[PDB]
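J.: Quick one: the structure is below, questions incoming.
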Amino acid sequence: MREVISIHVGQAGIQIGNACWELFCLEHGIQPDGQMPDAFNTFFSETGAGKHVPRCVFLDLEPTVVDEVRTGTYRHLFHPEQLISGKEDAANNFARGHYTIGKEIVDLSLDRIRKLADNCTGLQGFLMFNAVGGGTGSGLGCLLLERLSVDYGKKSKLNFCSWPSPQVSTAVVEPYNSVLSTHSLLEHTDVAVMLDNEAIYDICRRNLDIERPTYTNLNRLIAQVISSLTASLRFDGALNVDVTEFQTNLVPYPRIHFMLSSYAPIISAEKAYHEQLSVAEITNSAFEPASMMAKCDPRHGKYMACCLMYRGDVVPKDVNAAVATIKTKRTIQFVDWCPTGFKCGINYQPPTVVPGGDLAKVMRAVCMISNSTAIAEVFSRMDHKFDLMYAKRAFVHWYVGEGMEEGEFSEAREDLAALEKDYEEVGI
Amino acid sequence: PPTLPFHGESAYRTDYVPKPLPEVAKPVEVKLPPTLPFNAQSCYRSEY
Ligand SMILES: Nc1nc2c(ncn2[C@@H]2O[C@H](COP(=O)(O)OP(=O)(O)OP(=O)(O)O)[C@@H](O)[C@H]2O)c(=O)[nH]1
Ligand SMILES: [Mg+2]
């Protein structure tokens, strides 16, 4: 009955969704063709002779990265209507993806999400993965959340974005895509988690020792966050944290629903069996102000609530000591209207080794998703870039040509400006 | 000119193989303490 529907939009959403759907598929043991040689029900249906099919909807407007899915090893596991494509792409243009070329693929996406939700005996939430900073992830993705909220209401819409990183962005027009996609991420989103790419580069280059990581290695650690976040959905443990438990303990006020990630038993061979990885060691590295997966250092912020999801052979009393030693550390400060600020979950299933991967055998893990006033800087960083570019109206002739007026830019900077204002009033 | 043949295997194609299932067969076998046999040996037969 526990059932989460993943909706991966954008080129980046397809690729992070690839690394996700193997901690979902063959961690449950199902072969590439789709046969185990009912824990699979969290992510899979079942169609007779042991065929479990992913509960995913792949969306893109360029038919070239989803075509790699249709031609790769895993072409007979996906149904050949769950990999919805288009004829031409969106080209970092929020107005094209939302107003012009979005309204011919959105009618197919809502059909597949309908057929995958009436096959549901109780839908836990829509885990939609996107990349803020592009065209179809910021465009079509924004329209998808607006359509999903009107029809499929009252059940959660946990969104893990790929918010544009501060320095490294590999684009020029991404401030227009980020600020004008803030409206969907602020109203039509129940849980939003900021997850950039520089911080994954830093984790890979410091803990994991891969000094030359590719996007495929970035999709690794994003996927390990997702599997640990839905770990208690499918496997037993001392304490379970489903997606309703997750949002009710981490969202103080309805507008504030933005969080940070850290999954830091990041070890690799030479740095794996030398280090005793106890519950205290992994919890301290999770709260460490460099393994945050957003370049969002919380030493200048106030913690609000935490969601440490211990996963493996973790003893509950060791969780109790690890929470206590975080509380006594002074630089990890908490806001005053929150004496109890942790939601500890424990899974029994250990994390999984990677053959040809980057991690190794680890018996325990932590994945804490935390809300803080420190997340007010990931939006004020891009406030500087939007203000500079919109001063003399650069790149505006694109965005206005296909169907939005220039006042969309001003109201989205207003939506951003009313956004950071609500953080320092909550913190103070 | 030759064609550089495409070597490549994604994350989703590389980094997990089907693990062996965990070996679990252990109940909690509790030896019952036998009921301690009762002589709070009563009044009538006790004194008269
Ligand atoms: N995690 C992850 N991020 C990626 C990947 N590829 C690109 N990105 C990020 O995506 C941002 C650019 O947005 P895209 O995802 O390419 O845009 P899109 O969703 O494909 O939509 P279009 O621009 O219309 O093609 C870059 O800043 C990258 O940081 C990837 O494979 N994995
Ligand atoms: Mg795209």
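For the protein sequence lines, the chains are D8 and D, in the order given.
As numbered in the deposited numbering, residues 1 to 37, 47 to 437 make up the first sequence, in order.
Per the deposited numbering, the second sequence starts with residue 204, numbered consecutively.
Using N, Cα and C, we set each Cβ at its ideal position, and we do this for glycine too.
1) Is the CB of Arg-248 (chain D) under 9 angstroms away from at least one CB in chain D8?
2) Along the chain, where does the alpha helix (DSSP H) that runs through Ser-249 (chain D) open and close?
3) Count Cβ pairs between the stretch 207-221 of chain D and the stretch 270-282 of chain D8 that sit closer than 8 angstroms; are there 3 or more?
4) Quick one: does the C-beta of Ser-171 (chain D8) sit closer than 8 angstroms to a heavy atom of ligand 1?
5) Taking 9 angstroms as the CB-CB limit, is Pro-237 (chain D) close to chain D8?
6) At what residues does the beta strand (DSSP E) containing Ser-6 (chain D8) begin and finish?
7) Report yes or no: is there a C-beta of chain D within less than 9 angstroms of the C-beta of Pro-298 (chain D8)?
8) Using a Cβ-Cβ cutoff of 7 angstroms, what residues of the stretch 4-19 of chain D8 are near chain D? List them in chain order.
9) In the DSSP output, which residue or residues are listed as bridge partners for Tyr-108 (chain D8)?
10) Along chain D, which residues have their Cβ under 7 angstroms away from the Cβ of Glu-27 (chain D8)?
11) Name, in chain order, the residues that DSSP records as bridge partners for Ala-314 (chain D8).
12) Does the beta-carbon of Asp-69 (chain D8) have 16 or more other beta-carbons within 10 angstroms, so that it is buried, or is it exposed?
13) Three-state secondary structure (DSSP) at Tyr-432 (chain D8)?
14) Helix, strand or coil: which one does DSSP assign to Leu-425 (chain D8)?
15) Run the CB neighbour count on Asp-205 (chain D8), radius 10 Å, all protein chains shown included, and call it buried at 16 or more, exposed below.
16) Below 7 angstroms on C-beta distance, what does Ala-214 (chain D) contact in chain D8?
17) Counting only runs of 3+ residues fully inside the stretch 252-339 of chain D8, write out the beta strand (DSSP E) ranges in chain order.
18) Taking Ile-212 (chain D8) as part of the alpha helix (DSSP H), name the residues at either end of that continuous run.
19) DSSP has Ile-355 (chain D8) in a bridge; who is on the other side?
20) With 16 other CB atoms within 10 Å as the buried threshold, where does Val-181 (chain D8) fall?
21) Scan the stretch 168-233 of chain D8 and note each continuous alpha helix (DSSP H) run of 4 residues or more that stays entirely inside, going in chain order.
22) Among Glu-226 (chain D), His-210 (chain D), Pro-205 (chain D), whose alpha-carbon lies nearest the alpha-carbon of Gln-358 (chain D8)?
23) Check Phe-404 (chain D8) in the structure and name its three-state DSSP category.
24) Closer than 9 angstroms, CB to CB, is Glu-411 (chain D8) near chain D or not?
25) Please check the pair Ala-273 (chain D8) and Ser-300 (chain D8), which I expect to be a contact at CB under 8 angstroms, by giving their CB distance rounded to whole angstroms.
26) In three-state DSSP terms, what is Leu-68 (chain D8)?
27) For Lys-229 (chain D), which residues in chain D8 fall below 7 angstroms Cβ to Cβ?
28) Could you check what DSSP says for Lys-166 (chain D8) in three-state terms: helix, strand or coil?
29) Any C-beta of chain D8 sitting closer than 9 angstroms to the C-beta of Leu-207 (chain D)?
30) Kindly provide the ranges of any beta strand (DSSP E) runs that are 3 or more residues long and lie completely inside the stretch 84-141 of chain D8, ordered along the chain.
31) Where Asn-228 (chain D8) and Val-332 (chain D8) are concerned, what is the direct C-alpha to C-alpha distance, given to the nearest angstrom?
32) Taking 8 angstroms as the cut-off, is the CB of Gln-35 (chain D8) close to at least one heavy atom of ligand 2?
33) Round the Cβ separation of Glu-429 (chain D8) and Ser-389 (chain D8) to the nearest angstrom and send it over; I've been treating them as touching at under 8 angstroms.
34) Along the stretch 353-365 of chain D8, where does the CB come closer than 7 angstroms to a CB of chain D? Name the residues.
35) According to DSSP, is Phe-52 (chain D8) part of a helix, a strand, or is it coil?
36) If I'm right that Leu-317 (chain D8) touches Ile-275 (chain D8) with Cβ under 8 angstroms, what's the distance once you round it to whole angstroms?
T.: Well, looking at it:
1) no
2) 246-250
3) no
4) yes
5) no
6) 4-9
7) Output row for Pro-298 (chain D8): interface = no.
8) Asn-18, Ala-19
9) DSSP, once it has assigned bridges, lists no residue as partnering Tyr-108 (chain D8).
10) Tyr-219
11) Per DSSP, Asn-380 (chain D8).
12) buried
13) helix
14) Helix, per DSSP.
15) buried
16) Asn-18, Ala-19, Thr-225, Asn-228, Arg-229
17) For the stretch 252-339 of chain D8, whole beta strand (DSSP E) runs of length 3 or above, ordered along the chain, are 267-271, 312-314, 318-321.
18) 207-215
19) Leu-248 (chain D8), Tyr-319 (chain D8)
20) exposed
21) Along the stretch 168-233 of chain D8, the alpha helix (DSSP H) occurs as fully enclosed runs of 4 or more residues at 183-188, 191-195, 207-215, listed in sequence order.
22) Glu-226 (chain D)
23) coil
24) no
25) 4 angstroms
26) In this structure, DSSP gives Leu-68 (chain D8) an extended state, which the three-state scheme calls strand.
27) Per Cβ cutoff of 7 angstroms: no residues; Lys-229 (chain D) is ~14 angstroms from chain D8 at best.
28) Here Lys-166 (chain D8) sits in coil by DSSP.
29) No, its Cβ sits nowhere closer than 9 angstroms to a Cβ of chain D8.
30) 134-138
31) 29 angstroms
32) Outside the cutoff, so no.
33) 5 angstroms
34) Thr-361, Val-363, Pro-364, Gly-365
35) coil
36) That pair is no contact at about 16 angstroms.
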